[PDB]
Protein chains: 2
Amino acid sequence: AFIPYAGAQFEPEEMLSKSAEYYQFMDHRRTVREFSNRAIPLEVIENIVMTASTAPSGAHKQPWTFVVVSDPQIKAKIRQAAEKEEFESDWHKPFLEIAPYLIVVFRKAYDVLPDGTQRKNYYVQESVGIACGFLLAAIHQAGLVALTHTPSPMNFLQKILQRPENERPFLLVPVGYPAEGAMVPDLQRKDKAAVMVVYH
Amino acid sequence: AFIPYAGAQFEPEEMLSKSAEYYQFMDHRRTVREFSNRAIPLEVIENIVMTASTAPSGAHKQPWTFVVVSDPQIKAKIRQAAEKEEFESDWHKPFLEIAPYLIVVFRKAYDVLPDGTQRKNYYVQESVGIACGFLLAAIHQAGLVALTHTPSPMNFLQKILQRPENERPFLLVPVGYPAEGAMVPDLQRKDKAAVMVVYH
Ligand SMILES: Cc1cc2nc3c(=O)[nH]c(=O)nc-3n(C[C@H](O)[C@H](O)[C@H](O)COP(=O)(O)O)c2cc1C
Ligand SMILES: Cc1cc2nc3c(=O)[nH]c(=O)nc-3n(C[C@H](O)[C@H](O)[C@H](O)COP(=O)(O)O)c2cc1C
Ligand SMILES: Oc1ccccc1I
Ligand SMILES: Oc1ccccc1I
């Protein structure tokens with residue numbers, strides 16, 4: 001069954017101002033590595049996660065699980081293992097505990113029917129990446145900051161968060177208010193000519 | 001060098017209302033497959049693409065190229081090849097020509113220094129996926145619709161858009177106004193319990 005698209009549309013003059021304003025808003029987003037431990041309602045994080053989940057996906061499978069962690073002992077154990085692994089191979093990661101939430105994104109390679117059998121999901125890495133994009137935009141929209149982080153150590157995260165075999169950690173995202181006078185590196189984003197090619 | 005983070009922050013009551021409102025906005029987004037050929041200023045698409053490019057990336061490499069195509073003969077040739085390939089293995093794809101723009105996202109596996117040598121990029125599939133997420137959010141923000149589409153035929157796209165070896169097509173995104181009375185399938189997104197797990 002099909003239903004008519006319910007979408008607001010605008011004149012070109014309004015799309016110009018909205019697209020320009022949104023670009024400027026998003027350009028202020030920076031990865032932050034120093035957090036305040038100021039409390040945030042769980043309802044804010046739920047809104048953000050379910051926004052990420054509105055992302056398109058291959059064959060509408062939504063092949064993702066978002067694990068939200070605010071429990072301080074699980075955060076401490078994840079920090080310990082993260083630090084240990086990065087040492088062996090800065091490796092100081094207090095943000096894994098100071099941030100009030102960790103969002104751990106898992107990808108689902110297949111689904112398991114209630115009858116044991118498996119069904120492949122489609123374009124999973126792309127789909128889940130897109131959803132992480134929506135996650136980060138929603139975080140920014142809410143007035144929070146985040147640290148996009150490698151999902152490591154991968155096996156430890158899978159075990160302590162008790163996720164099944166059809167899933168694997170994809171990204172790790174501390175979220176919170178920034179620390180007062182948090183600093184970021186003075187980076188410059190690529191200009192239009194270095195990222196964009198236009199045919200006519 | 002480092003510089004202080006310049007970010008607006010809000011009280012919990014305001015983050016609640018903003019995160020809730022943004023969720024509702026984003027939940028209206030739907031993949032649309034029937035476009036109007038109403039004209040859109042190139043400046044809108046540029047704003048959208050450069051918004052996508054504000055995405056975080058592994059080691060700040062921004063390992064992506066956005067190819068914007070409005071040229072009707074290139075669009076016709078891409079349509080022809082897309083349709084041909086999907087036939088052999090609906091396969092009617094008029095959107096590839098009716099949409100005023102196609103954005104073709106390429107991922108960069110490595111960079112090529114001006115001196116011939118190569119340097120690996122890091123977490124490319126994740127980084128580019130995130131950027132595609134920002135792309136789609138910016139499209140929605142502007143009041144447009146899009147069709148997130150497999151990058152196929154992969155080789156044809158690489159050739160007709162003349163991209164170098166360190167790059168590969170990642171996603172194909174028609175963008176425009178929706179057709180009047182465009183229809184979407186009557187799908188339901190997963191509920192919180194099917195996508196989200198909370199520890200304390
Ligand atoms: C897939 C991915 C993985 C990342 N992993 C880490 C990480 O492990 N540690 C870290 O400090 N930053 C990590 N980052 C953040 C980048 O270093 C950061 O995005 C980049 O320096 C650009 O800064 P910006 O996001 O403020 O523009 C990651 C980013 C992405 C997209
Ligand atoms: C990685 C990816 C690839 C997709 N490829 C196609 C495609 O090739 N053809 C198509 O008609 N839709 C494609 N889609 C769109 C999905 O079918 C659509 O997102 C899904 O049915 C959910 O609909 P919604 O985005 O309106 O929520 C793709 C989506 C993603 C994320
Ligand atoms: O999501 C999709 C819809 C139609 C054909 C392929 C995919 I993946
Ligand atoms: O982007 C990064 C920053 C620090 C360490 C690894 C990555 I990938």
Side-chain angles (χ1 to χ4, degrees), chain A residues 2-7 30-33 50-64 82 85-86 89-93 95 107 120-134 147-152 171-172 184-185 187, chain B residues 26-35 55-63 82-83 85-86 89-96 99 105 107 120-130 132-133 135-137 139-140 145-154 169-174 178 182-190 195:
Chain A
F2 283 82
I3 57 174
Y5 179 56
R30 300 291 312 273
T31 295
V32 167
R33 295 178 177 88
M50 291 316 278
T51 298
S53 204
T54 68
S57 66
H60 187 46
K61 299 294 186 201
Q62 301 177 276
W64 50 63
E85 154 143 303
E86 187 161 309
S89 50
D90 196 5
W91 56 262
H92 184 52
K93 300 171 177 293
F95 53 84
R107 61 113 175 104
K120 278 167 198 182
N121 290 324
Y122 305 97
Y123 291 88
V124 174
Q125 295 274 110
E126 292 84 354
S127 296
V128 181
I130 288 166
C132 290
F134 281 21
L147 161 51
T148 296
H149 204 278
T150 69
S152 37
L171 267 200
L172 166 54
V184 295
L187 304 173
Chain B
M26 288 306 288
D27 201 41
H28 279 106
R29 189 210 58 78
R30 300 291 312 273
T31 295
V32 167
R33 295 178 177 88
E34 285 118 51
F35 294 88
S57 66
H60 187 46
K61 299 294 186 201
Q62 301 177 276
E83 285 182 346
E85 154 143 303
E86 187 161 309
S89 50
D90 196 5
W91 56 262
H92 184 52
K93 300 171 177 293
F95 53 84
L96 285 175
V105 187
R107 61 113 175 104
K120 278 167 198 182
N121 290 324
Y122 305 97
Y123 291 88
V124 174
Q125 295 274 110
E126 292 84 354
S127 296
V128 181
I130 288 166
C132 290
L135 192 86
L136 288 161
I139 284 166
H140 194 51
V145 302
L147 161 51
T148 296
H149 204 278
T150 69
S152 37
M154 265 200 29
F170 182 81
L171 267 200
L172 166 54
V173 189
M183 309 289 290
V184 295
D186 194 11
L187 304 173
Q188 192 169 333
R189 284 168 180 143
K190 282 179 179 172
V195 295

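Counting starts at 1 for both ligands and their atoms, following the listed order. Proteins come first, then strands; the chains are lettered A, B, ... in the order of their sequence lines, and each starts at number 1. Only this structure's heavy atoms are used, side chains among them; waters, hydrogens and symmetry mates stay out.
- With hydrogens and angles disregarded, a donor-acceptor distance shorter than 3.5 Å links the side chain of A:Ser127 to the backbone of A:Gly58.
- The main-chain N or O of B:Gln188 is found under 3.5 Å from a side-chain atom of A:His60 such that the two form a donor-acceptor pair.
- Those atoms of ligand 2 with a heavy atom of B:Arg29 less than 4.0 angstrom away are 24 (P), 25 (O), 27 (O).
- Residue contact check: A:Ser127 has heavy atoms under 4.0 Å from atoms 1 (C), 31 (C) of ligand 2.
- By the criterion of a heavy-atom distance under 4.0 Å, the side chain of B:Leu147, and not its backbone, is placed next to ligand 2.
- Using a 4.0 Å threshold on non-hydrogen atoms, atom 2 (C) of ligand 3 counts as touching the protein.
- Of the protein's non-hydrogen atoms, the one nearest atom 25 (O) of ligand 2 is B:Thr31 OG1, 2.7 Å.
- In terms of modelled atom types and a separation under 3.5 Å, the side chain of A:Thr54 and the main chain of B:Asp27 share no donor-acceptor contact.
- Between the side chain of A:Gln62 and the backbone N or O of A:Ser53 there is at least one donor-acceptor pair closer than 3.5 Å.
- When the options B:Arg33, A:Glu126, A:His60 are ranked by their closest heavy atom to atom 17 (O) of ligand 2, first place goes to B:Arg33.
- Checking B:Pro151, A:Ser57, A:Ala59, B:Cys132 against atom 31 (C) of ligand 2, the nearest heavy atom belongs to A:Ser57.
- If you number the atoms of ligand 2 from 1 as listed, the ones under 4.0 Å from a heavy atom of A:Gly58 come out as 29 (C), 30 (C), 31 (C).
- Counting heavy atoms from C-beta on, the side chains of B:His140 and A:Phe134 never come closer than 4.5 Å.
- Atom 19 (O) of ligand 2 has its closest protein heavy atom at A:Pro56 CB, 3.1 Å.
- Close N/O approach between B:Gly58 and ligand 4 is not found [any backbone or side-chain N/O within under 3.5 Å].
- A pairwise comparison of heavy atoms in B:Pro178 and B:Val145 identifies N-CG2, 3.7 Å as the closest pair.
- Expressed to the nearest 0.5 Å, how far CZ of A:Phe95 lies from CG of A:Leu172 amounts to 7.5 Å.
- Distance screen at 4.0 Å: atom 6 (C) of ligand 4 has no protein heavy-atom neighbour inside the cut-off.
- Side chain of B:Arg107 to backbone of B:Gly129: no donor-acceptor contact under 3.5 angstrom is found.
- Listed by number with element, the atoms of ligand 2 under 4.0 angstrom from any heavy atom of B:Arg189 are 27 (O).
- Closest to atom 3 (C) of ligand 2 by heavy atom, among B:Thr148, A:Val124, B:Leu187, B:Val32, is B:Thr148.
- In terms of modelled atom types and a separation under 3.5 Å, the side chain of B:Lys93 and the main chain of B:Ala82 share no donor-acceptor contact.
- Close N/O approach between A:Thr54 and ligand 2 is not found [any backbone or side-chain N/O within under 3.5 Å].
- In terms of protein heavy-atom proximity, atom 9 (N) of ligand 2 is nearest to B:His149 CD2, 3.6 Å.
- Looking at atom 8 (I) of ligand 4, its nearest protein heavy atom turns out to be B:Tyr123 CD1, 3.8 Å.
- Of all non-hydrogen atoms in B:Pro63 and B:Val128, the two that sit nearest each other are O-CG2, 3.4 Å.
- For the atom pair CG (B:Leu96) and CG (B:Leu147), the distance works out to 7.5 Å, reported to the nearest 0.5 Å.
- Interface atoms of ligand 3 facing A:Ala59, defined by a heavy-atom separation under 4.0 Å, are 1 (O), 2 (C).
- At least one N or O atom of B:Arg30 sits closer than 3.5 Å to an N or O atom of ligand 2.
- For the atom pair A:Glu85 CD and A:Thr150 OG1, the distance stands at 8.0 Å (nearest 0.5 Å).
- Atoms of ligand 2 lying under 4.0 Å from any heavy atom of B:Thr150, numbered from 1 in the order shown and given with element: 5 (N), 8 (O).
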